[PDB]
(Lines of atoms letter the chains of each structure in order from A and count residues from 1; the text may use other names and numbers.)
(Lines give C-alpha, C1' and ligand atoms only; values in the text may rest on other atoms or scores of the structure.)
Protein backbone atom coordinates (compact mmCIF):
# COMPACT_ATOMS: atom_id res chain seq x y z
CA UNK A 1 0.00 0.00 0.00
CA UNK A 2 1.46 3.36 -1.08
CA UNK A 3 0.74 5.59 1.96
CA UNK A 4 3.33 7.65 3.92
CA UNK A 5 3.53 7.98 7.72
CA UNK A 6 2.29 11.42 8.81
CA UNK A 7 0.42 12.22 5.60
CA UNK A 8 -2.18 14.94 6.16
CA UNK A 9 -5.05 12.85 4.60
CA UNK A 10 -4.07 9.52 6.19
CA UNK A 11 -7.48 9.00 7.83
CA UNK A 12 -9.22 9.24 4.40
CA UNK A 13 -6.86 6.75 2.75
CA UNK A 14 -6.97 4.22 5.58
CA UNK A 15 -10.69 4.72 6.18
CA UNK A 16 -12.55 1.42 6.44
CA UNK A 17 -9.40 -0.45 5.21
CA UNK A 18 -9.77 -4.15 5.94
CA UNK A 19 -7.22 -6.16 7.91
CA UNK A 20 -5.42 -7.45 4.80
CA UNK A 21 -5.11 -3.99 3.29
CA UNK A 22 -3.61 -2.64 6.51
CA UNK A 23 -0.91 -5.34 6.48
CA UNK A 24 0.47 -3.74 3.31
CA UNK A 25 1.54 -0.45 4.98
CA UNK A 26 5.21 0.51 5.54
CA UNK A 27 4.54 1.54 9.18
CA UNK A 28 2.74 0.07 12.20
CA UNK A 29 -0.99 0.81 12.41
CA UNK A 30 -3.39 0.08 15.26
CA UNK A 31 -7.07 1.05 15.43
CA UNK A 32 -8.53 1.58 18.95
CA UNK A 33 -12.03 2.30 20.19
CA UNK A 34 -12.55 5.23 22.60
CA UNK A 35 -11.80 3.00 25.57
CA UNK A 36 -8.48 1.80 24.09
CA UNK A 37 -9.65 -1.68 22.99
CA UNK A 38 -7.78 -2.94 19.94
CA UNK A 39 -9.95 -3.23 16.79
CA UNK A 40 -7.15 -3.67 14.17
CA UNK A 41 -3.40 -4.29 14.41
CA UNK A 42 -1.23 -4.72 11.32
CA UNK A 43 1.74 -6.93 10.43
CA UNK A 44 4.26 -4.06 10.40
CA UNK A 45 3.34 -3.23 14.03
CA UNK A 46 3.74 -6.91 15.04
CA UNK A 47 7.18 -6.93 13.48
CA UNK A 48 8.26 -3.81 15.42
CA UNK A 49 6.80 -4.85 18.77
CA UNK A 50 6.88 -8.65 18.73
CA UNK A 51 3.18 -8.91 19.53
CA UNK A 52 1.05 -11.35 17.57
CA UNK A 53 -1.46 -9.26 15.53
CA UNK A 54 -4.11 -11.94 15.77
CA UNK A 55 -3.95 -12.36 19.56
CA UNK A 56 -4.02 -8.68 20.60
CA UNK A 57 -7.37 -7.90 18.88
CA UNK A 58 -9.95 -7.31 21.61
CA UNK A 59 -7.37 -6.62 24.36
CA UNK A 60 -7.14 -3.21 26.00
CA UNK A 61 -4.05 -1.39 24.73
CA UNK A 62 -3.50 0.73 27.86
CA UNK A 63 -4.46 -1.79 30.57
CA UNK A 64 -3.19 -5.07 29.11
CA UNK A 65 -0.90 -4.85 26.05
CA UNK A 66 1.04 -1.61 26.57
CA UNK A 67 1.28 -0.58 30.28
CA UNK A 68 4.38 1.49 29.45
CA UNK A 69 2.03 3.84 27.49
CA UNK A 70 -0.31 4.24 30.50
CA UNK A 71 1.10 7.71 31.29
CA UNK A 72 0.14 11.38 30.72
CA UNK A 73 2.41 11.53 27.68
CA UNK A 74 0.65 8.79 25.69
CA UNK A 75 -2.64 7.54 27.24
CA UNK A 76 -3.35 10.99 28.68
CA UNK A 77 -3.16 12.54 25.20
CA UNK A 78 -5.30 9.70 23.79
CA UNK A 79 -8.12 10.11 26.30
CA UNK A 80 -8.08 13.91 25.95
CA UNK A 81 -8.61 13.48 22.22
CA UNK A 82 -11.35 10.89 22.66
CA UNK A 83 -13.14 13.26 25.05
CA UNK A 84 -12.81 16.24 22.70
CA UNK A 85 -13.69 14.20 19.63
CA UNK A 86 -10.56 15.28 17.79
CA UNK A 87 -7.03 13.93 18.01
CA UNK A 88 -3.96 14.66 15.92
CA UNK A 89 -0.68 14.41 17.84
CA UNK A 90 2.80 13.13 16.93
CA UNK A 91 5.58 12.48 19.47
CA UNK A 92 8.48 10.17 20.20
CA UNK A 93 8.18 7.41 22.81
CA UNK A 94 10.09 4.40 24.17
CA UNK A 95 8.57 0.93 24.42
CA UNK A 96 10.23 -1.10 27.19
CA UNK A 97 7.69 -3.57 28.62
CA UNK A 98 8.17 -6.83 26.67
CA UNK A 99 11.60 -6.06 25.11
CA UNK A 100 14.73 -3.94 25.32
CA UNK A 101 13.85 -0.23 25.12
CA UNK A 102 12.86 0.60 21.51
CA UNK A 103 12.41 4.19 20.38
CA UNK A 104 9.62 5.05 17.96
CA UNK A 105 7.67 7.95 16.53
CA UNK A 106 3.94 7.76 17.28
CA UNK A 107 1.13 9.53 15.44
CA UNK A 108 -2.36 9.35 16.94
CA UNK A 109 -5.19 10.58 14.78
CA UNK A 110 -8.96 10.27 15.06
CA UNK A 111 -10.41 7.99 12.37
CA UNK A 112 -12.67 9.68 9.88
CA UNK A 113 -16.14 8.41 10.75
CA UNK A 114 -17.59 6.93 13.91
CA UNK A 115 -15.62 7.19 17.16
CA UNK A 116 -12.43 5.19 16.34
CA UNK A 117 -8.80 6.25 16.64
CA UNK A 118 -5.55 5.38 14.88
CA UNK A 119 -2.16 4.82 16.51
CA UNK A 120 0.62 4.83 13.90
CA UNK A 121 4.22 3.80 14.73
CA UNK A 122 7.59 3.78 13.01
CA UNK A 123 11.17 3.27 14.18
CA UNK A 124 13.47 6.24 14.78
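Residue numbers count along the first chain shown, from 1.
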query = Do the CA atoms of 65-73 or those of 81-89 have the higher mean B-factor in the entry?
reply = 81-89
query = In the PDB record, does 55-63 or 95-103 carry the higher mean Cα temperature factor?
reply = 95-103
remark   = The third of the chain into which the C-alpha temperature factor of residue 10 falls is the middle
remark   = On the chain's distribution of Cα B-factors, residue 35 falls within the third called highest
task = Place residue 123 in the lowest, middle or highest third of its chain's C-alpha B-factors, as listed in the PDB entry.
result = middle
task = Would you mind checking where the Cα B-factor of residue 25 ranks among the modelled residues of its chain, as the lowest, middle or highest third?
result = middle
